[PDB]
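Written below as structure tokens is the structure these notes are about.
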4 protein chains.
Amino acid sequence: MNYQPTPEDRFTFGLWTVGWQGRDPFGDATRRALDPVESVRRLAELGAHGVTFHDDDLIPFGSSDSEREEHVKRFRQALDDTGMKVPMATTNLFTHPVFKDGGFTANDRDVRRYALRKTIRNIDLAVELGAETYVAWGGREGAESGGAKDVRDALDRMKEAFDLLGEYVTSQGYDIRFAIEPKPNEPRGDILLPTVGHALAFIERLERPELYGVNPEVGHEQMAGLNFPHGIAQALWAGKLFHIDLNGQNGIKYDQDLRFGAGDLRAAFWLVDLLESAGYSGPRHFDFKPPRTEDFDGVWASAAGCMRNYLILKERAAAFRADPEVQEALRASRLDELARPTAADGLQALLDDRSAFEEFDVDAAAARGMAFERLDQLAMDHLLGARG
Amino acid sequence: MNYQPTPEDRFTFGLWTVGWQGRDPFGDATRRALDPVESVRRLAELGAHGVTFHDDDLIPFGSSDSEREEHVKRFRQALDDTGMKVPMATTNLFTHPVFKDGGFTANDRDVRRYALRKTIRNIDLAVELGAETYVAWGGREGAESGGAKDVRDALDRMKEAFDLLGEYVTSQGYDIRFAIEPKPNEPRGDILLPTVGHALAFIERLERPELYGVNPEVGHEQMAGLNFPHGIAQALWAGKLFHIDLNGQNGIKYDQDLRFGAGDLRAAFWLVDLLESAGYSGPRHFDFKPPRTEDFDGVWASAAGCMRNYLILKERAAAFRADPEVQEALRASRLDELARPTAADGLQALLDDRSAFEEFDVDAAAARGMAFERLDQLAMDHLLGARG
Amino acid sequence: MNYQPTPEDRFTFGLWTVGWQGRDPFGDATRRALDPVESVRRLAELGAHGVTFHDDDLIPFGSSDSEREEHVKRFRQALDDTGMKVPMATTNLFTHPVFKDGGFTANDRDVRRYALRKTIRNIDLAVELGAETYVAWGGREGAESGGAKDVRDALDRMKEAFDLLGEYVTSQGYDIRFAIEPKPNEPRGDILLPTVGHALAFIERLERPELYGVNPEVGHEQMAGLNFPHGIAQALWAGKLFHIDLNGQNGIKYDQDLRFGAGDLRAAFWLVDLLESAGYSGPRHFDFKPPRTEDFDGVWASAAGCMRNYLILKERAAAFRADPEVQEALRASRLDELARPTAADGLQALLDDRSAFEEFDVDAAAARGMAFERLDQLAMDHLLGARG
Amino acid sequence: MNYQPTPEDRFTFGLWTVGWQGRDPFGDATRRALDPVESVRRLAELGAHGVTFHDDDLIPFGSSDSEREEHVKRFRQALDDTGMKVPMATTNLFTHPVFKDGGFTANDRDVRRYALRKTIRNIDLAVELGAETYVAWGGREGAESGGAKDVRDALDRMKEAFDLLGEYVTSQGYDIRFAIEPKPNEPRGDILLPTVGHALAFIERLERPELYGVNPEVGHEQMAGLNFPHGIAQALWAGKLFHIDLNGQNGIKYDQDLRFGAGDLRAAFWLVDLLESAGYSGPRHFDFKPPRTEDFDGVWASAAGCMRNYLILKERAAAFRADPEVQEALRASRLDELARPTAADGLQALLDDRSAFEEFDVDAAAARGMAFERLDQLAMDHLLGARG
Ligand SMILES: [Co+2]
Ligand SMILES: [Co+2]
Ligand SMILES: [Co+2]
Ligand SMILES: [Co+2]
Ligand SMILES: [Co+2]
Ligand SMILES: [Co+2]
Ligand SMILES: [Co+2]
Ligand SMILES: [Co+2]
């Protein structure tokens, strides 16, 4: 009863994930840098479907046009020699000191312009490598103080930037969509569009909202103490789940970026279930960070554990939904009733319905048990593979 | 140098605020119930502008049509005898056991219908008393487990309900708007539309989004560790700030509902500033709870403290923005640059601009100090009224 | 492969657990009160070992000496008719309004005295029923403001109270020990001795520290974002784990008090393991609250789920420690090295050891991988009962 | 009405504070390294009393015995040329990869020994420079997983290390005391002795507890959502407040280390008050991090702001305690009653007191208002310097 991941599973990893050197705010790198080529081969041997990357992950900052091509060529040969795909690409607008006050919302106008040019350059490369989704994580978009950033003005600059990026893509006739990755805080005191909710609402104000979705991260939403599965549900409801970042997070605190399955285990189970039941076809991205206490051997074991955890949860969730005893329980809880419209008969009908108010026995309605505990235990028994 | 609140200040209070009996999950009521009439007179004497209420706050649950009128009549005379106004009204869809699984998103269809009828009934009364805004806090909309509620289905029921309420109002030709009050958790494990961001995004999916705004609460947003001022800014940017609930909250934990000014003091200062600079004209509502450790004398002192704190912060914020030294600091931080468009020259222009990339000196740009600390200290000195 | 709990398991429940009426800060009771006798029989039929209670749970407040005996007599017959035991008893110093400012640390001296008398009265009854541990949860000990309570003075009153209780017990020659249950916040803004750490340190200042331990709660420690298993470990290390309260908690927020197993599942697994490996013999108490959305049928299902979850985790933890592959992994991580003293050779020896500094190859030491990820995946595979 | 700090104020700063290069987990250094000598002169000109440092802050890692002396000599001349003192010193057991699994609790025995030797070496230097307190922050002491560290075994190693350090100091006849700085998490998933409470309790298990205190940090305690002033109070009560680290923290999240006064402003006011009323004589250390968005000019402005904020709060707290109206309010709240013993008359007396139970009118006692809101508003008016 083993769970071997295959390319068909659509499991992808970021060059920065297994490529993390282990540099933390209070420690130095515990591992040597990994050549992108090596990562592409190791991941392929593990059963990955593809890899994503930041412009600065593939081509070192300040690289000449000659070096640039050379870096891309090598990467291209690796993908060809393995069959790996590049479904998503993003831009690094947070590392370089120049982005200390942000990229698209930096107070310095000259910096904002540079941010757009650096991004557009990568979008072109992303389309060349075959990326279908372009993610944008504004890690420096925010502030540590109250009078340091006018959110109203910042939002204007944020929209302007995204609007321009949409005009460029549509002008080049590129078949690529944008995905905004929200984050509550870190490395900034407060980051703009901190949750999936703030990102979804901001997208509705863009000139072409149909060109923007959302790339929510398990750990990010949890950083604010929110229910990731619930967040994902809303995104799917609004048809904006263009991509997703899987990982682990131990409650509220710094961005752990643990391997998928870690941290909130039950949350992971409910997430996989929703993704499988909703029919999510997007790639199963893994934005994690192998612990700095591990070596190269540990890094590969960590990544493999991510795909394995997903497969295991996927199996338990399927068995949980296919279990008649569970199907019967769902009905006992009225899960089927929640699906039926409230007033399909219309407003006037509902207004003239005495059974809805005038002659509604609230006493008897309130006495009805929801039987939610029995259903949850059935879900727990399935997760722990202990069905008795 | 005193701060006497006047009706012109637009300070409003909820009947449940100063009317709180002090019943907590681990204790009984420490204060006797207050007759709505008494609250309307005491608040008027304090300088309040008006009071808001839940259908169940003014007319006891199960009240006969005869009792109903009687309760309203008395309340109406009090408002006339004092000049107090009723700018906002809401429905209690959380107290009664019948709403143990929610109101608009309850799994039981019969309950959902009853919830809509109970609401519509109050909307009518709200329009009669002169309410301009109708708030909806779905305190029971959520779940304690994963398989107990299908967020996708729940969102459908939530939209259906709001859509119907919009049809009723437009059908009656009522000049009233809706305001959704988000809350992360409590009393439910997880409440739907937990943040201002989730509420704003959900509103964009309604048939008539122009009829729905947002009533964010200081404590609620803080319950998720978010930046309230930032949240309010986004709302104003999207022109959805129809109402606001002021109060205090000590970090992340249960809903304290402390008097305005308490908890995050700096957050309160930045909030008042934004509200005053943005030109917010809506009422300054106070959704607080006088500590159960206080008597009737303490309740009045608590409410008065709310209006006083706002007035004090309002003064400090005004002095902070009018201070030349501060105006000069804002320029040093490039606050004025953040206001200028990024690429007003257009996309093609930005693409052909070598000064934005090809010949952009990032080294010199990165070396520029933001001078945010000096600005923040200037803001701190103003708040503490210690300008030296 | 079922897990039937037996009295030998030592599973106990509080009268307030399954007896919770469902009264929340925003809702009324959804269930009718349960007669203590009924709870004692239902729990016995489920396989419980015994039940605990607050003085106010068994004998209604203000009960006459005649009523008191009557309530005790009935309870006594139930225990005899079932074989259930009463391993722990506690006092209710939080419900009654009189305790609005606290019990042992109330500002009013007359209240503090009353609190001690009310407690002593119950200690006597606890010893009569056969209780071995007396828990003290200071739910009202704290404050909502800074100048409302002098922690230094409060700590004095707290010690005085506990010191007096120790003198009473030793004077009566009672064979009962005290257990302090810490809680970060709620219902008070901040509660004294908020964590297991603060309680353990405060106990070291008591006249007879050997008479005081600690009754940590899963949800409480989690309310501050701490690692419960780690907290329990420290308690065991200091030999102060006299009792423990099991339950569930979904991250940081109000006190959920969910059934054991819920909330942090992985945390529960590590907790059970430590309790089983350390040899904890104390009773497995369950301080939970059946969701108000459930009826009497749901309450029993919830309680049963608590015992079942423990048994399942107990099995997985045992298999995880007995697995050779795991034993080998522990060695690879140097878990065995952490057990060997650092400088058993002494200080002088360590000072003269050139291999510890002068000739210590830190480069090679740092390159050694901890192999913690492989061990964690092995722990995960065991928990999910998916060993492949 | 300005607040010029003087050496008499006892304001100290860590070399790593104003020396922070700005390297974050998602960004590079935005500022060039500062020569310790320059920091000692700039701080002196600002009015600082002295500076603290880690062994690796003054002497670069791997420095030869010849380089070591050279670094110390220069530093010594700076202190002489300015009059600055070195009240505290600490060891860097977190940066070097060798300490990836911890220092004193590392699984590798050879690493633990090296950690002790590296520490002892610095203790000697600390005593030479005139340090009175030696702080120990176990930033790497913890784990990211459950089976990666046996807290029981780890605690043994932690005690062994501290015990040995106490034997070395007493053997050398050094007049220096140890101070343990707790931290909930970061950079490790969970750090041992996460709160002031866990550190105080662990110290009571040391061979010579009289040689160990506690160095609590404002931001650290807040990282767990605890009340810093309350934490400090308990420490003072146990006479273990040997040192303290001042700074700012915006609720629950990563370690911001903002300048003193920032983050929780009210918490800062109550802290200063307690420190001034308790008579704390220890140095007012500032463990902060100047925002990476600032230049050298901003760094100095940030540090100056720390001393200024303390002085301002110190003034407001003094005026708040000296205000008769406040003194009268404290009495109205019974703050004076909380100071009087509960049962000075003894146990037997309290047991025979019918006025404490038999004839205690709880009804009238419960009706008494605490008047805490009035007192808090008086405290608020004083803080905002708005006494009307
Ligand atoms: Co992350
Ligand atoms: Co991500
Ligand atoms: Co609230
Ligand atoms: Co509200
Ligand atoms: Co609890
Ligand atoms: Co408990
Ligand atoms: Co810190
Ligand atoms: Co520190």
Side-chain angles (χ1 to χ4, degrees), chain A residues 334 337-338 342 350 353-370 372, chain B residues 14-16 19-21 23-25 28-29 33 36 53-65 67-68 71 89-123 125-126 134-144 148-149 154 157-158 161 165 181 183 186-189 191-192 255, chain C residues 20-33 289-296 298:
Chain A
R334 274 87 90 202
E337 270 206 49
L338 168 74
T342 298
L350 172 58
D353 197 8
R354 288 173 62 76
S355 73
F357 192 75
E358 289 91 352
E359 318 199 329
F360 183 56
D361 183 356
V362 319
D363 273 347
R368 298 185 204 125
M370 280 326 273
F372 290 148
Chain B
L15 287 177
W16 68 91
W20 190 50
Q21 276 209 261
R23 220 171 267 110
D24 73 49
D28 292 331
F53 74 100
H54 300 79
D55 56 352
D56 290 352
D57 290 328
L58 195 64
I59 310 120
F61 190 90
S63 299
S64 48
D65 298 13
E67 307 169 43
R68 215 209 179 236
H71 282 291
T90 182
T91 336
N92 186 316
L93 303 178
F94 52 83
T95 295
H96 202 282
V98 83
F99 303 126
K100 65 190 197 276
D101 187 39
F104 297 155
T105 66
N107 282 4
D108 283 322
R109 177 167 175 282
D110 54 340
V111 168
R112 304 199 295 273
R113 285 171 75 85
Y114 176 70
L116 278 170
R117 289 295 303 281
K118 187 178 193 282
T119 297
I120 283 149
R121 184 157 205 236
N122 203 42
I123 293 168
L125 180 38
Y134 204 87
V135 168
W137 175 58
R140 296 283 176 202
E141 315 306 351
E144 280 70 54
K149 192 72 53 171
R157 303 287 81 75
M158 183 77 75
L165 287 175
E181 183 168 346
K183 185 180 195 178
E186 197 190 47
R188 311 299 312 270
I191 298 170
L192 302 190
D255 201 18
Chain C
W20 190 50
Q21 276 209 261
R23 220 171 267 110
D24 73 49
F26 301 101
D28 292 331
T30 54
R31 290 186 301 261
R32 66 145 180 96
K289 271 184 185 139
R292 79 198 284 278
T293 58
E294 317 277 307
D295 56 28
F296 271 136

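In what follows, chains are A, B, ... by sequence order, proteins preceding strands, each numbered from 1. Below, all heavy atoms of this structure are taken into account, side chains as well, without hydrogens, waters or symmetry copies.
- Between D110(B) and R368(A), at least one side-chain nitrogen of the basic residue sits less than 4.0 Å from a carboxylate oxygen of the acidic one, meeting the salt-bridge criterion.
- The shortest distance between side-chain heavy atoms of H96(B) and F61(B) falls below 4.5 Å.
- The shortest heavy-atom contact between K149(B) and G142(B) is CE-O, 3.5 Å.
- Between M158(B) atom CE and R112(B) atom CZ the span is 11.5 Å, to the nearest 0.5 Å.
- We find the OH-OG1 distance between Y134(B) and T119(B) to be 5.5 Å, quoted to the nearest 0.5 Å.
- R292(C) places none of its side-chain heavy atoms less than 4.5 Å from the side chain of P187(B).
- Taking the six-membered ring for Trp and the full ring otherwise, the centers of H54(B) and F94(B) sit less than 6.0 Å from each other.
- Salt-bridge formation is not detected for the pair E337(A)/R109(B): no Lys NZ or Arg NE/NH1/NH2 atom is positioned less than 4.0 Å from an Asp or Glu carboxylate oxygen.
- The shortest distance between side-chain heavy atoms of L15(B) and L58(B) falls below 4.5 Å.
- Judged purely by atom type and a 3.5 angstrom limit, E141(B) uses its side chain to pair as donor or acceptor with the backbone of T105(B).
- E294(C) places no side-chain N or O within donor-acceptor distance of the main-chain N or O of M370(A), the cut-off being under 3.5 Å.
- In this structure, the side chains of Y114(B) and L93(B) stay at 4.5 Å or more apart for every pair of heavy atoms.
- Within the 3.5 Å criterion, the main-chain N or O of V111(B) finds no donor-acceptor partner in the side chain of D108(B).
- Contact detail for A115(B) and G103(B): the closest heavy-atom pair is CB-O, 3.4 Å.
- The two atoms that bring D295(C) and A367(A) nearest to each other are CB-O, 4.5 Å, heavy atoms only.
- Across every non-hydrogen atom of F104(B) and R157(B), the tightest pair is O-CB, 3.6 Å.
- Salt bridge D55(B)/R121(B): absent, no basic N to carboxylate O contact under 4.0 Å.
- Residues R140(B) and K100(B) are not in side-chain contact: their nearest non-hydrogen atoms beyond the backbone lie 4.5 Å or more apart.
- Atom-to-atom distance recorded for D24(C):CG and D24(B):CG is 11.5 Å, nearest 0.5 angstrom.
- Nearest heavy atom pair, residue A33(C) against residue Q21(C), reads N-NE2, 3.4 Å.
- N92(B) contributes atom CG, which lies 10.0 Å from atom CH2 of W16(B) (distance to the nearest 0.5 angstrom).
- Between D255(B) and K183(B) a salt bridge is recorded (basic side-chain N to carboxylate O distance below 4.0 Å).
- Under the 4.5 Å side-chain criterion, counting only non-hydrogen atoms from C-beta, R113(B) is in contact with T342(A).
- Here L116(B) contributes atom CG and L350(A) contributes atom CG; the two are 6.0 Å apart, rounded to the nearest 0.5 Å.
- Of the charged side-chain nitrogens involved, at least one lies within less than 4.0 Å of a carboxylate oxygen, so that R117(B) and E358(A) count as a salt-bridged pair.
- Of the charged side-chain nitrogens involved, at least one lies within less than 4.0 Å of a carboxylate oxygen, so that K118(B) and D56(B) count as a salt-bridged pair.
- Between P291(C) and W20(C), the shortest heavy-atom contact is C-CZ3, 4.3 Å.
- The CD1 atom of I59(B) lies 7.5 Å from the NE2 atom of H71(B); values are rounded to the nearest 0.5 Å.
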